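Counting neighbours? That spans all protein chains shown, and the Cβs are built from the backbone with ideal geometry, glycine included. Read-outs: derived from the displayed coordinates by stated rules, not from any lab.
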Amino acid sequence: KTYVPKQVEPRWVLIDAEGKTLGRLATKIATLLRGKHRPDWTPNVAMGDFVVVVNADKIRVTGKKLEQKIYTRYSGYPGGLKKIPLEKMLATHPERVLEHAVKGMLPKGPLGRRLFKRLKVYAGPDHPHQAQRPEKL
Amino acid sequence: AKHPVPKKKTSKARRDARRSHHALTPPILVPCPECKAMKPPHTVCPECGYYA
Amino acid sequence: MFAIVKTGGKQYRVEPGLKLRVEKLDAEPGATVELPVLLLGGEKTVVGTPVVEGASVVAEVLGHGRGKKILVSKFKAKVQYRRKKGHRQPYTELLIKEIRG
Amino acid sequence: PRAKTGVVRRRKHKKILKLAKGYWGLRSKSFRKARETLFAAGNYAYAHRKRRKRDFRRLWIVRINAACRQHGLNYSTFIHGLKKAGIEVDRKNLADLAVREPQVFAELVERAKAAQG
Amino acid sequence: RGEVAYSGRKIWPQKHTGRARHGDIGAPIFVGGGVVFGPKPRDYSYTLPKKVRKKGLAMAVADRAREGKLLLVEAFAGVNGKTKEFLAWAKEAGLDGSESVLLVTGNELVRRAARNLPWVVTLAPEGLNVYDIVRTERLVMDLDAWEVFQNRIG
Amino acid sequence: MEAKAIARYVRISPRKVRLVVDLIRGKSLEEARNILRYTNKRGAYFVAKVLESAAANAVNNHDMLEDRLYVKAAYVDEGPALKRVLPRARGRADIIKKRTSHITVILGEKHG
RNA sequence: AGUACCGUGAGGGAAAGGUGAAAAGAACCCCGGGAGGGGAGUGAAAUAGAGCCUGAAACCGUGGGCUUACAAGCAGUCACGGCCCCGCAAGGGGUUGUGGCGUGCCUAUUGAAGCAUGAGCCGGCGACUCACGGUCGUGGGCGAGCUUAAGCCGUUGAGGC
RNA sequence: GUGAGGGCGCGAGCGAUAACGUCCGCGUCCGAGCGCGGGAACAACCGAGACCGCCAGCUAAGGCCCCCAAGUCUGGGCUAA
RNA sequence: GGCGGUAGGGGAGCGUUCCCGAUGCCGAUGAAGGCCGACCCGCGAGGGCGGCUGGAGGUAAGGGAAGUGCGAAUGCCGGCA
Ligand SMILES: [Mg+2]
Ligand SMILES: [Mg+2]
Ligand SMILES: [Mg+2]
Ligand SMILES: [Mg+2]
Ligand SMILES: [Mg+2]
Ligand SMILES: [Mg+2]
Ligand SMILES: [Mg+2]
Ligand SMILES: [Mg+2]
Ligand SMILES: [Mg+2]
Ligand SMILES: [Mg+2]
Ligand SMILES: [Mg+2]
Ligand SMILES: [Mg+2]
Ligand SMILES: [Mg+2]
Ligand SMILES: [Mg+2]
Ligand SMILES: [Mg+2]
Ligand SMILES: [Mg+2]
Ligand SMILES: [Mg+2]
Ligand SMILES: [Mg+2]
Ligand SMILES: [Mg+2]
Ligand SMILES: [Mg+2]
Ligand SMILES: [Mg+2]
Ligand SMILES: [Mg+2]
Ligand SMILES: [Mg+2]
Ligand SMILES: [Mg+2]
Ligand SMILES: [Mg+2]
Ligand SMILES: [Mg+2]
Ligand SMILES: [Mg+2]
Ligand SMILES: [Mg+2]
Ligand SMILES: [Mg+2]
Ligand SMILES: [Mg+2]
Ligand SMILES: [Mg+2]
Ligand SMILES: [Mg+2]
Ligand SMILES: [Mg+2]
Ligand SMILES: [Mg+2]
Ligand SMILES: [Mg+2]
Ligand SMILES: [Mg+2]
Ligand SMILES: [Mg+2]
Ligand SMILES: [Mg+2]
Ligand SMILES: [Mg+2]
Ligand SMILES: [Mg+2]
Ligand SMILES: [Mg+2]
Ligand SMILES: [Mg+2]
Ligand SMILES: [Mg+2]
Ligand SMILES: [Mg+2]
Ligand SMILES: [Mg+2]
Ligand SMILES: [Mg+2]
Ligand SMILES: [Mg+2]
Ligand SMILES: [Mg+2]
Ligand SMILES: [Mg+2]
Ligand SMILES: [Mg+2]
Ligand SMILES: [Mg+2]
Ligand SMILES: [Mg+2]
Ligand SMILES: [Mg+2]
Ligand SMILES: [Mg+2]
Ligand SMILES: [Mg+2]
Ligand SMILES: [Mg+2]
Ligand SMILES: [Mg+2]
Ligand SMILES: [Mg+2]
Ligand SMILES: [Mg+2]
Ligand SMILES: [Mg+2]
Ligand SMILES: [Mg+2]
Ligand SMILES: [Mg+2]
Ligand SMILES: [Mg+2]
Ligand SMILES: [Mg+2]
Ligand SMILES: [Mg+2]
Ligand SMILES: [Mg+2]
Ligand SMILES: [Mg+2]
Ligand SMILES: [Mg+2]
Ligand SMILES: [Mg+2]
Ligand SMILES: [Mg+2]
Ligand SMILES: [Mg+2]
Ligand SMILES: [Mg+2]
Ligand SMILES: [Mg+2]
Ligand SMILES: [Mg+2]
Ligand SMILES: [Mg+2]
Ligand SMILES: [Mg+2]
Ligand SMILES: [Mg+2]
Ligand SMILES: [Mg+2]
Ligand SMILES: [Mg+2]
Ligand SMILES: [Mg+2]
Ligand SMILES: [Mg+2]
Ligand SMILES: [Mg+2]
Ligand SMILES: [Mg+2]
Ligand SMILES: [Mg+2]
Ligand SMILES: [Mg+2]
Ligand SMILES: [Mg+2]
Ligand SMILES: [Mg+2]
Ligand SMILES: [Mg+2]
Ligand SMILES: [Mg+2]
Ligand SMILES: [Mg+2]
Ligand SMILES: [Mg+2]
Ligand SMILES: [Mg+2]
Ligand SMILES: [Mg+2]
Ligand SMILES: [Mg+2]
Ligand SMILES: [Mg+2]
Ligand SMILES: [Mg+2]
Ligand SMILES: [Mg+2]
Ligand SMILES: [Mg+2]
Ligand SMILES: [Mg+2]
Ligand SMILES: [Mg+2]
Ligand SMILES: [Mg+2]
Ligand SMILES: [Mg+2]
Ligand SMILES: [Mg+2]
Ligand SMILES: [Mg+2]
Ligand SMILES: [Mg+2]
Ligand SMILES: [Mg+2]
Ligand SMILES: [Mg+2]
Ligand SMILES: [Mg+2]
Ligand SMILES: [Mg+2]
Ligand SMILES: [Mg+2]
Ligand SMILES: [Mg+2]
Ligand SMILES: [Mg+2]
Ligand SMILES: [Mg+2]
């Protein structure tokens, strides 16, 4: 009768950012947000790592994406569809790019939201130096 | 009867929900200097009296 | 020592002595049967050829038994098609004893 | 001889109305609605039994590919190992060994890596 | 719905009324309407072929004979219609009341006697019939009776 | 010991008085007397009259001390409806239900 | 009850049965204008207290247990975990947090979750019968035969002619 | 019982080498398999014919970067949209 | 070895009313009906057991005869929403 895991403890990570490809980074990242790397994994629980990214401003991306890759954002209003090119995002709040890229790869349920909080994104590097900062790659 | 008409019987839950704010509140009473009885504020009342 | 036995078409591990319900088995009400069908051990025994070419686990048939009834209940719409079967599944209770390797 | 309905109908209804206990709202109080629900649920359960299999089929595969990854290989590669290395042992379920008795698991990892290539 | 007491009128128009649709309270789908294929007086009897009627009577008697319960007699000493008499009489005969006895005789007085008994069923010779034979555990009859039995079949 | 009191067949809607009852539930007797007396609802009248007749019984039949008993519980169930017609335009006629109430109030000793 | 009621009228035409063996039908006291309660008392029983036997369901209500205010929905179902209640136990019961899955019933239709029909909900009433005659199958009786109709006698749940 | 059939492939007429069009022929699936996997979703397209149970196993179509099972697999090319 | 299934054909069964069984047997130490169960037997419709109500009926085994099973008919009557 399959093993159900008990109360674990958060394992904070610290991913870099500079150089890494937007998409390819996100992929790995989420698979940490979900515990899916840890054998003691279970769907209903939610116990993936506390991922922490730094220098997201230095995310690279292939091709003309800097210009072409537009984000949409529909305010409820008429004509309210407001679009925004990748450039403009990185210009302004940059972590924003990496944030959604990941969000869009997390499951769509409530804990999927719970999982999103687990991710701390930045551009510095330097976070609030809590405790665990186990660098990764 | 005419034009507008409810589409579906209100759920017995959705009903009582609407009655969320229906409960009453106790009247605001106070002891008076005169008798030991209770008055509402700012009001002359029997068993008591007043002054001017 | 952990010990993986196969039986009734399903694999389970086994601890030295404990009760386990398994797919019904042909045996006395209170006899004993070996599950020579066995893989591994608590002292590391990779099961090479599917089964260990020499090893066994002994257990007592503590008794047979049926199972809480389930209602298999089919219903196909627009076609007045309804079917209600009751189904309780037979099994037997193995008490483990010797995991003699 | 006139056979009034009598008890019959009530009993049939009540019998069902019990089955539906706990169901939300009118769907456990009215015979008609409860019945309609049970139809569905009957079909649901029976369809999900066949599912329960698939679900764990997977649940185990994740754990495996999980701890199987720690030693250094894809679930795919790992399987090819034991399937080639003779061990029809570890029905995916019992690769729960990855959690208790990781060493035993590790034994199975080298055995696999080895005979695999 | 024809013999019911109501009238013919159409309860209401059947068009732009919103109400269902109907003819008259007679209609069997009304409470207090007419009944459908409900019962009407009828003769349940039929003519079971005569050969069969006799075969039966014979086989019935026989079944008891083969059981040993059949017992022809003539010795009715307890005469004057008086239960007590037949009571004591049956005592001798081996009929005590442990078993049901279909008594068959011509003599109305023997009848009168046994008649009121709750373990006996009186009956004339011509009355012989399978139902009554089968009912009672024990057949016992007068010779004049058994004779007019053979008359019918012998 | 507890102490009941019930006014059946009180000619008034349940939803209506239930509001007033739910105002005194679990309350000091004297506090209630105070509320009811001054609360602005037709229902006060009835709830008060019973709330009283309860305390009465509480003292003269179950010798509790008037100086301590309180509203241990008190509810109001619907008695049979009272149907009347209500002539309506173009000839329709709705039937107006004049509802009715059974009001219970049980009192209990202050504490121990 | 051919009543009440509806119709000018001919005429249409309801609903409505049950305390208890017995009235022993609740003196008297208590709150209240009364109704109606509480105590006392009758009774085997008063949740038999008077449109009073039993007293179901929808429906309204008080109390208790579990649960809910970042949530996306045919209301279930599968798994896991929490909490509350049973039980030596292992088990079991109630609830629902998260996860996977999932287009009401009937009807009609080439095709419906369907924005196609029907149904507010519950209880009761509601539709393939019967007679004669046919035809085939079927369980029997008798067989180159088989069987009687109306009726007569008998009986009063008897058969016979 | 049925005598409304429907879509798809193929072979023709009609049509405009239009139509979820129509009318025949051969086949097929839905009808009645709105049961199960694939195709995001979707009767009839690909896979497959559900007697029930199992916290076993191989595979079909399809698929193996994350949502989402399983290779960010190996080798040689091409494409910069 | 077969076992998806509408229209339809066939087969087997469960339960309600009534009759023979009955001048019997069950029954106030409790009939019918109602309420409740996580128990037992039946694939199932059902059947049984146990506690609570209820206060007078009930009716085996084996047969027999039907006013014999409702969710829908803008169905009918009533009650309540
Ligand atoms: Mg760096
Ligand atoms: Mg630029
Ligand atoms: Mg626009
Ligand atoms: Mg603007
Ligand atoms: Mg910082
Ligand atoms: Mg308010
Ligand atoms: Mg003054
Ligand atoms: Mg060997
Ligand atoms: Mg459906
Ligand atoms: Mg249909
Ligand atoms: Mg349908
Ligand atoms: Mg149908
Ligand atoms: Mg050894
Ligand atoms: Mg009926
Ligand atoms: Mg039962
Ligand atoms: Mg449930
Ligand atoms: Mg359904
Ligand atoms: Mg698998
Ligand atoms: Mg571990
Ligand atoms: Mg250990
Ligand atoms: Mg008339
Ligand atoms: Mg008439
Ligand atoms: Mg007429
Ligand atoms: Mg006419
Ligand atoms: Mg019309
Ligand atoms: Mg209408
Ligand atoms: Mg009519
Ligand atoms: Mg007519
Ligand atoms: Mg009537
Ligand atoms: Mg009538
Ligand atoms: Mg009538
Ligand atoms: Mg003999
Ligand atoms: Mg004897
Ligand atoms: Mg006032
Ligand atoms: Mg005092
Ligand atoms: Mg209330
Ligand atoms: Mg008006
Ligand atoms: Mg109204
Ligand atoms: Mg009258
Ligand atoms: Mg009258
Ligand atoms: Mg009158
Ligand atoms: Mg008039
Ligand atoms: Mg007039
Ligand atoms: Mg009426
Ligand atoms: Mg009257
Ligand atoms: Mg008198
Ligand atoms: Mg009194
Ligand atoms: Mg006085
Ligand atoms: Mg007074
Ligand atoms: Mg007075
Ligand atoms: Mg009174
Ligand atoms: Mg009085
Ligand atoms: Mg009293
Ligand atoms: Mg007394
Ligand atoms: Mg007694
Ligand atoms: Mg009583
Ligand atoms: Mg009354
Ligand atoms: Mg009585
Ligand atoms: Mg409550
Ligand atoms: Mg509460
Ligand atoms: Mg509780
Ligand atoms: Mg609570
Ligand atoms: Mg929600
Ligand atoms: Mg769920
Ligand atoms: Mg507990
Ligand atoms: Mg105990
Ligand atoms: Mg133990
Ligand atoms: Mg419980
Ligand atoms: Mg689907
Ligand atoms: Mg139509
Ligand atoms: Mg149509
Ligand atoms: Mg059709
Ligand atoms: Mg709709
Ligand atoms: Mg329309
Ligand atoms: Mg509709
Ligand atoms: Mg139509
Ligand atoms: Mg319909
Ligand atoms: Mg409508
Ligand atoms: Mg209406
Ligand atoms: Mg009904
Ligand atoms: Mg013949
Ligand atoms: Mg006659
Ligand atoms: Mg045609
Ligand atoms: Mg055609
Ligand atoms: Mg065809
Ligand atoms: Mg075709
Ligand atoms: Mg075409
Ligand atoms: Mg087919
Ligand atoms: Mg589908
Ligand atoms: Mg499509
Ligand atoms: Mg289909
Ligand atoms: Mg399909
Ligand atoms: Mg495989
Ligand atoms: Mg392959
Ligand atoms: Mg493949
Ligand atoms: Mg390559
Ligand atoms: Mg390449
Ligand atoms: Mg077989
Ligand atoms: Mg079949
Ligand atoms: Mg048949
Ligand atoms: Mg009757
Ligand atoms: Mg007795
Ligand atoms: Mg006793
Ligand atoms: Mg009866
Ligand atoms: Mg009866
Ligand atoms: Mg019982
Ligand atoms: Mg019988
Ligand atoms: Mg009928
Ligand atoms: Mg139907
Ligand atoms: Mg109806
Ligand atoms: Mg009505
Ligand atoms: Mg109505
Ligand atoms: Mg109304």
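Of E:109, E:72, all but one fail to be outside any loop (DSSP other than H, G, I, E, B), more than 16 Å from ligand 32 (Cβ to nearest atom), on the phi < 0 side of the Ramachandran plot and not small (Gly, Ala, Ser); the exception is E:109. The lone criterion from (1) surrounded by fewer than 11 Cβ atoms within 10 Å (Cβ to Cβ); (2) touching a residue at least 24 places away in the same chain (Cβ under 8 Å); (3) within 13 Å of the chain's Cα centre (by Cα) left unmet by residue C:29 is number (3).
Residue by residue through region D:76-117, note down the ones that are among the basic types (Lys, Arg) and either more than 15 Å from residue C:40 (Cα to Cα) or more than 9 Å from chain C (Cβ to nearest Cβ) (or both).
D:83, D:84, D:92, D:113
Candidates are the residues of region A:1-27 that are closer than 22 Å to residue A:65 by Cα and assigned to a loop (DSSP other than H, G, I, E, B); the one that is nearest to ligand 36 (Cβ to nearest atom) is A:17. Residues of region F:69-112 that are crowded, with 16+ Cβ neighbours inside 10 Å and out of contact with any strand residue (DSSP E or B) (no Cβ under 6 Å at 6 or more places or on another chain): F:71, F:109. Go over the candidates C:60, C:93 one by one and state the one that is of a type in the set (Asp, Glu), within 14 Å of RNA strand G (Cβ to nearest atom), away from chain D (no Cβ under 14 Å) and surrounded by 14 or more Cβ atoms within 10 Å (Cβ to Cβ). None of the others qualify; the one that does is C:93.
I'd like to check something: does region B:4-15 contain any residue that is in a helix (DSSP H, G or I), within 14 Å of chain F (Cβ to nearest Cβ) and surrounded by 10 or more Cβ atoms within 10 Å (Cβ to Cβ)?
Looking through region B:4-15, at least one residue is in a helix (DSSP H, G or I), within 14 Å of chain F (Cβ to nearest Cβ) and surrounded by 10 or more Cβ atoms within 10 Å (Cβ to Cβ).
If you go through region E:1-51 one residue at a time, how many are within 15 Å of ligand 22 (Cβ to nearest atom) and within 14 Å of chain D (Cβ to nearest Cβ)? Looking only at that region, the number is 0.
Does residue F:66 count as exposed (fewer than 14 other Cβ atoms within 10 Å of the Cβ) and within 30 Å of residue B:36 (Cα to Cα)?
yes
Considering chain F, the qualifying strands (runs of 3 or more DSSP E), each wholly inside and each with 3 or more residues that are small (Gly, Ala, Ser), run over F:70-87, F:93-108. Among the conditions (1) within 14 Å of chain D (Cβ to nearest Cβ); (2) in a loop (DSSP other than H, G, I, E, B); (3) among the small types (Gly, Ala, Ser), the only one that residue C:73 does not satisfy is (2).
Can you find a residue in region C:77-89 that is of a type in the set (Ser, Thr, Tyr), out of contact with any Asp or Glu (no Cβ under 6 Å at 6 or more places or on another chain) and under 30 Å from residue D:37 (Cα atoms)?
Yes, that holds for at least one residue.
Taken over region E:112-131, the criterion of being part of a helix (DSSP H, G or I) and under 21 Å from residue E:87 (Cβ atoms) is satisfied by E:112, E:113, E:114, E:115.
Condition first: away from chain C (no Cβ under 14 Å) and either buried (at least 16 other Cβ atoms within 10 Å of the Cβ) or touching a residue at least 40 places away in the same chain (Cβ under 8 Å) (or both). Can you find one or more residues in region D:40-59 that meet it? Yes, that holds for at least one residue. Taking the criterion of being crowded, with 17+ Cβ neighbours inside 10 Å and either touching an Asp or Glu at 6+ places or on another chain (Cβ under 6 Å) or assigned to a helix (DSSP H, G or I) (or both), the residues of region A:28-42 that qualify are A:29, A:30, A:32, A:33.
Hey, can you tell me all the residues within region E:89-104 that are within 19 Å of the chain's Cα centre (by Cα) and buried (at least 21 other Cβ atoms within 10 Å of the Cβ)? It would help to see each step written out before you state the result.
Of all residues in region E:89-104, those within 19 Å of the chain's Cα centre (by Cα) come to E:100-104.
The answer is E:101, E:102, E:103, E:104.
Restricting attention to region F:50-61, the residues being surrounded by 12 or more Cβ atoms within 10 Å (Cβ to Cβ) and either within 16 Å of ligand 14 (Cβ to nearest atom) or over 21 Å from residue F:102 (Cβ atoms) (or both) number 1. Condition first: of a type in the set (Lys, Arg), farther than 23 Å from residue A:130 by Cα, within 16 Å of the chain's Cα centre (by Cα) and in a helix (DSSP H, G or I). Can you find one or more residues in region A:95-108 that meet it? Yes, region A:95-108 contains a residue that is of a type in the set (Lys, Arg), farther than 23 Å from residue A:130 by Cα, within 16 Å of the chain's Cα centre (by Cα) and in a helix (DSSP H, G or I).
The rows are residues; the columns are (1) away from chain B (no Cβ under 14 Å); (2) within 16 Å of ligand 6 (Cβ to nearest atom); (3) touching a helix residue (DSSP H, G or I) at 6+ places or on another chain (Cβ under 7 Å).
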{"site": "F:31", "(1), (2), (3)": "no, no, no"}
{"site": "F:40", "(1), (2), (3)": "no, yes, no"}
{"site": "F:45", "(1), (2), (3)": "yes, no, no"}
{"site": "F:48", "(1), (2), (3)": "no, no, yes"}
{"site": "F:58", "(1), (2), (3)": "yes, no, no"}
{"site": "F:85", "(1), (2), (3)": "yes, no, no"}
{"site": "F:101", "(1), (2), (3)": "yes, no, yes"}
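Please work out which residue is nearest to residue A:84 (Cα to Cα), limiting yourself to region A:97-125 and to residues that are out of contact with any strand residue (DSSP E or B) (no Cβ under 8 Å at 6 or more places or on another chain) and within 16 Å of ligand 5 (Cβ to nearest atom). The qualifying residue nearest to residue A:84 (Cα to Cα) is A:99.
Conditions tested, residue by residue: (1) among the small types (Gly, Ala, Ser); (2) within 16 Å of ligand 36 (Cβ to nearest atom); (3) at the interface with chain D (Cβ under 8 Å from one of its Cβ atoms); (4) not in a loop (DSSP other than H, G, I, E, B).
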residue	(1), (2), (3), (4)
C:11	no, no, yes, yes
C:16	no, no, no, no
C:22	no, no, no, yes
C:27	yes, no, no, no
C:33	no, no, no, yes
C:37	no, no, no, no
C:45	no, no, no, no
C:50	no, no, yes, no
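Just to be sure, is residue E:10 charged (D, E, K, R) and either within 16 Å of ligand 21 (Cβ to nearest atom) or closer than 28 Å to residue E:108 by Cα (or both)? Judged against the criteria, residue E:10 is a match. Given the criterion more than 14 Å from chain D (Cβ to nearest Cβ) and either touching a helix residue (DSSP H, G or I) at 6+ places or on another chain (Cβ under 7 Å) or of a type in the set (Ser, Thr, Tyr) (or both), identify the matching residue among A:52, A:97. Answer to the check: A:97. Selection of first residues in region D:1-18 that are closer than 24 Å to residue D:38 by Cβ and of second residues that are of a type outside the set (A, V, I, L, M) and part of a loop (DSSP other than H, G, I, E, B), restricted to Cβ pairs under 9 Å at least 6 apart or on distinct chains, gives the following pairs, ordered by first then second residue: D:17/D:29; D:17/D:30.
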